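J.: Chains as they are written, first to last, in the authors' numbering: chain A, 7 to 355; chain B, 7 to 355.
Protein chains: 2
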Amino acid sequence: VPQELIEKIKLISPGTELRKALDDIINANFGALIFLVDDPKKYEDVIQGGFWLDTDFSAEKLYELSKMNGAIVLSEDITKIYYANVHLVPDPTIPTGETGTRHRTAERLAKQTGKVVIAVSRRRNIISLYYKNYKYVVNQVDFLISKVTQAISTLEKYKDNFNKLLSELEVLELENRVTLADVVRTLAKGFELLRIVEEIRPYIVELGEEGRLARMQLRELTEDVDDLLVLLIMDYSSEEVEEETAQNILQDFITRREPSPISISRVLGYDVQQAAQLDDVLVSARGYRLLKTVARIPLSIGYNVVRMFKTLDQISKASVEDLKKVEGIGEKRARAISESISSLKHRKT
Amino acid sequence: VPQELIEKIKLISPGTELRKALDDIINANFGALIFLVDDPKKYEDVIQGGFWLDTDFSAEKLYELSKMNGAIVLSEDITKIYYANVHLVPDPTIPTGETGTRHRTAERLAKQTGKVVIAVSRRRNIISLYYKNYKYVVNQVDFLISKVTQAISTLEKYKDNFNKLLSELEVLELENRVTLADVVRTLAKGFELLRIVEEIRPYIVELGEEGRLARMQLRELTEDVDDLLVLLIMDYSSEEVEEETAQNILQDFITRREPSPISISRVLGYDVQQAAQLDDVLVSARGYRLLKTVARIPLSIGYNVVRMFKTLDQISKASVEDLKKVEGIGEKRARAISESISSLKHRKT
Ligand SMILES: Nc1ncnc2c1ncn2[C@@H]1O[C@@H]2COP(=O)(O)O[C@H]3[C@@H](O)[C@H](n4cnc5c(N)ncnc54)O[C@@H]3COP(=O)(O)O[C@H]2[C@H]1O
């Protein structure tokens, strides 16, 4: 979905005076056919009849005008009403797959001029936006709230399962009993969860000002999940991996690749092709997750800690003095590392 | 109103199945937009979308299809329905005086193709027919009947006054006391009566089958007025006048010139400059009106009677023996001429 078109969709998103007018028009079963231009003179050959207005835009004015037959011409910045009650005459030879004169005119006119045209028919409650060779149908808020509320409820269930997987993983991590199956299962659930977020994003955007609570909910449910998955990938990949690399593996499984167990464990660098194999592959966390998240050790410095001790298990055996040899670890960070791991072992295992 | 257009108007006149369908369509407040062509696949460029039907016409089929959006395509003789639900796309650059997409389309397409296009708007009850550069509005029957009923009632009054003038003139004629004013006064009323018939004629045509009674009424009211006015012109023009010329006089004051007293007398060959002079000009009927109408003498033979006796006054003094000396007058025509005049002189004077 081009960014060019997304800028146009903003024009009619909940919160704008234009959208407010269009909601009133839909509510009254008036139709609408609206043409957005910056220089009316340049387009005087596709504009016939009607009334020259040249007056400041308002929602109420647009509403009143739409009671009349034909079309309305506004400035692109939606600050002026230029014409009302006009006949729009785009080139009839331009292909269109729309139905009815109103929507066939709209799509032809947008194709012909490279401008936005908005059509509302009298009996439906959708707003059809046309820009160049684009068509975007904009939905009512109540339809969008419904899908988004469902998506959020779905995200809650994925997130709860993710937390359960993770808390079990933690236990296994601290006891050094993790298998590849355990990692992959946890990553998959994380990947799927953020996929759902990506898929609902267009709905969220369409909601405009009415999507504010929805965005807050997404943010709260997904807050640290991306960082968490990146750290897991750095901790459990077959060979050592830089952060931005792990970030890309996340990007890949969120958007382009399917998060099947074999696919994940393969891209983590393991050579398995049967799902049952994962249970037999023993893995040991590098320790990045615990270092950044719990001991609050910056990644740049955690590299050196992993450089020296290789795995979490060995880090958990190091004394404060042992840790202090690392490039970046003073007594502050050394006790942070030492005490936070041991605290965790005590309470969790 | 060119004969070419009148033929097309017949297509939608009361009585035709097409008009019966348009009537229902008007009554249901469906609109209509109908394109008449014999070769559909040649007009492929101006007809988009819709359904190809190619089915035999009926009023009920047309009505049913008019429920759908857009336009309908029929054969020029209204025998086939070719398309329904189509989008008509005439050249947008053709000048049009119409208002609304429907009527602006109809006019432009009619001009572009030389074919009939019919448009009915949803809330108005008229049928607008476009043919080439012609536009003809066809009215509802109740409207036409009201005008025609008034026009006929108006005619009864003119006709009553014409009769009263005529019978007064009859008396003056039989007593040889006719002035040019009496003649002109009678002619003028007859002229005006026939003008009214001319003005109402388009409404009557427009009424189609619903104008049968109205035609009979006009026929009864005017059936011999024209012949009567022709014979008056032949009896009172200053210089002898052939029948053909007299009919051309009649035709002139019915259409071209206005039947003013001075003007009528001037055309009759009397150098008059003021209406008050008409009362001083004495005239004598040659006798054609009486010879044709009352004695049943053919005009051809009439001339021979007039060339001999010059005026009605002299004819009324001629004996049977005198009259038989005329070419074409046997003993029966002679006694027909003499007894009909003496009979009228006895009864009317
Ligand atoms: N070229 C054509 N070919 C076939 N049928 C034609 C036609 N032009 C008009 N009609 C028919 O007349 C109906 C009423 O059009 P109206 O202009 O009143 O109402 C129109 C008009 O107010 C507006 N609108 C549509 N096209 C427009 C255009 N090019 N320019 C400006 N306004 C337009 O959309 C309304 C709904 O049109 P809708 O199609 O439902 O219904 C149309 C359509 O069925």
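Virtual Cβ for every residue (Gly too), placed ideally from N, Cα, C.
Enumerate in chain order the residues of its own chain whose CB-to-CB distance from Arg191/A is below 8 Å, with the five nearest sequence positions on each side excluded.
T.: So the list reads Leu171 and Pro267, once near-sequence residues are dropped.
J.: Could you check if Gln156/B is buried or exposed, using at least 16 other CB atoms within 10 Å of its CB as the buried criterion?
T.: Exposed, because fewer than 16 other Cβ atoms sit within 10 Å of the Cβ of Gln156/B.
J.: With DSSP as the reference, label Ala324/B as helix, strand or coil.
T.: If DSSP states are grouped into helix, strand and coil, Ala324/B belongs with coil.
J.: According to DSSP, is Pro267/A helix, strand or coil?
T.: Helix at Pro267/A.
J.: So who's on the other strand from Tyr89/A, going by DSSP bridges?
T.: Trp58/A and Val79/A.
J.: Just checking: is the beta-carbon of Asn75/A within a distance shorter than 8 Å of some beta-carbon in chain B?
T.: Taking Cβ atoms only, chain B reaches closer than 8 Å to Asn75/A, which makes this a yes.
J.: By how many angstroms is the C-alpha of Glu245/B removed from the C-alpha of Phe197/B?
T.: Distance between the alpha carbons of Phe197/B and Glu245/B is about 21 Å.
J.: Decide if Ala34/B is buried, meaning its Cβ has at least 16 other Cβ atoms within 10 Å, or exposed.
T.: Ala34/B comes out exposed.
J.: Sorted by chain position, which residues of the same chain lie with C-beta nearer than 8 Å to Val326/B's C-beta, five sequence neighbours on each side aside?
T.: Excluding sequence neighbours, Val326/B sits near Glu337, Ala340, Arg341 and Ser344.
J.: By the 10 Å Cβ neighbour count, where 16 or more other Cβ atoms means buried, how is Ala252/A classified, buried or exposed?
T.: Label assigned to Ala252/A: buried.
J.: Keeping to the same chain, check which residues put their C-beta closer than 8 Å to that of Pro98/A; ignore five residues upstream and five downstream.
T.: Answer for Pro98/A: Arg114, listed in chain order.
J.: Closer than 8 Å by beta-carbon distance: list the chain A residues that pair up with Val92/B, in chain order.
T.: Those do not exist, as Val92/B stays about 11 Å from chain A at its closest Cβ, beyond 8 Å.
J.: When the cut-off is 8 Å and only beta carbons count, does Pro98/A lie next to chain B?
T.: At least one chain B Cβ lies under 8 Å of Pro98/A.
J.: Would DSSP call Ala38/B helix, strand or coil?
T.: It is a strand residue.
J.: With DSSP as the reference, label residue 2/B as helix, strand or coil.
T.: As displayed, chain B neither begins before 7 nor continues past 355, which places residue 2/B out of reach and without an answer.
J.: Report the option in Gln320/A, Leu180/A and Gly76/A whose CA atom is closest to the CA atom of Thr355/A.
T.: The shortest C-alpha separation from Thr355/A is found at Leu180/A.
J.: At a cut of 8 Å, does the segment 31–50 of chain A reach the segment 73–84 of chain A through at least three beta carbon pairs?
T.: Yes, since at least three Cβ pairs between the segment 31–50 of chain A and the segment 73–84 of chain A fall closer than 8 Å, the two stretches touch.
J.: Given a threshold of 16 other Cβ atoms within 10 Å of its Cβ, counted over all protein chains shown, does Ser173/A qualify as buried or as exposed?
T.: Exposed.
J.: Which word fits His352/B, buried or exposed, when buried means at least 16 other C-beta atoms lie within 10 angstroms of its C-beta?
T.: So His352/B counts as exposed.
J.: Tell me which residues pass a beta-carbon proximity test against ligand 1: closer than 6 Å to any heavy atom, given in chain order.
T.: Selection output, chain order preserved: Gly37/A, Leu39/A, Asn75/A, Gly76/A, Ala77/A, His93/A, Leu94/A, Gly106/A, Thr107/A, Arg108/A, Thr111/A, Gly37/B, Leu39/B, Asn75/B, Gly76/B, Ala77/B, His93/B, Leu94/B, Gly106/B, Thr107/B, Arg108/B and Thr111/B.
J.: Select from the segment 110–121 of chain B all residues with a C-beta closer than 8 Å to any C-beta belonging to chain A, and list them in chain order.
T.: Under the 8 Å Cβ criterion, the segment 110–121 of chain B contributes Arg110.
J.: Between which two residues does the beta strand (DSSP E) harbouring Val143/A extend?
T.: Element bounds for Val143/A: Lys141 to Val144.
J.: Counting C-beta neighbours from all protein chains within 10 Å, is the total for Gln279/B 16 or more, i.e. buried, or is it exposed?
T.: Result: exposed.
J.: Who pairs with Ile31/B in a beta bridge, going by DSSP?
T.: In DSSP, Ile31/B forms no bridge with anything.
J.: Between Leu199/B and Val231/B, how many whole angstroms is the CB-CB distance? I'm expecting something under 8 Å.
T.: About 6 Å separates the two Cβ atoms, so the contact holds.
J.: Which residue spans inside the segment 113–166 of chain B form an unbroken beta strand (DSSP E) run of at least 3?
T.: Counting only runs of 3 or more, we get 123–126, 133–136 and 141–144.
J.: Within 8 Å (strictly less), CB to CB, does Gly56/B reach chain A?
T.: Not an interface residue.
J.: Check this for me: beta carbons of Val143/A and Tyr209/A, under 8 Å apart or not?
T.: Result no, Cβ atoms of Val143/A and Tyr209/A do not sit closer than 8 Å.
J.: Using only the alpha-carbon positions, how far apart do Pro101/A and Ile31/A sit?
T.: For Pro101/A and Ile31/A, the distance between alpha carbons rounds to 28 Å.
J.: For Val43/A, write down the residues that DSSP places opposite it in a beta bridge.
T.: Answer is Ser81/A, bridged to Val43/A.
J.: Opposite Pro304/A in the DSSP bridges: which residues?
T.: In DSSP, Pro304/A forms no bridge with anything.
J.: State the DSSP-derived secondary structure class of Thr107/A, mapped to helix, strand or coil.
T.: Note: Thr107/A maps to helix in three-state DSSP.
J.: Within 8 Å (strictly less), CB to CB, does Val95/B reach chain A?
T.: Chain A, which has a Cβ nearer than 8 Å to the Cβ of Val95/B, makes this yes.
J.: Near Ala220/B, what residues of its chain come up, given a Cβ to Cβ distance below 7 Å and the 5 sequence neighbours on each side ignored?
T.: Once the five neighbours on either side are set aside, the close Cβ partners of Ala220/B are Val154, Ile158, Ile210 and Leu213.
J.: For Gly37/A, would you say it is in contact with chain B, using Cβ-to-Cβ distances shorter than 8 Å as the test?
T.: No, because no Cβ of chain B sits closer than 8 Å to the Cβ of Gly37/A.
J.: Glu226/B to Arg302/B, Cα distance in whole Å?
T.: Approximately 21 Å, taken between the alpha carbons.
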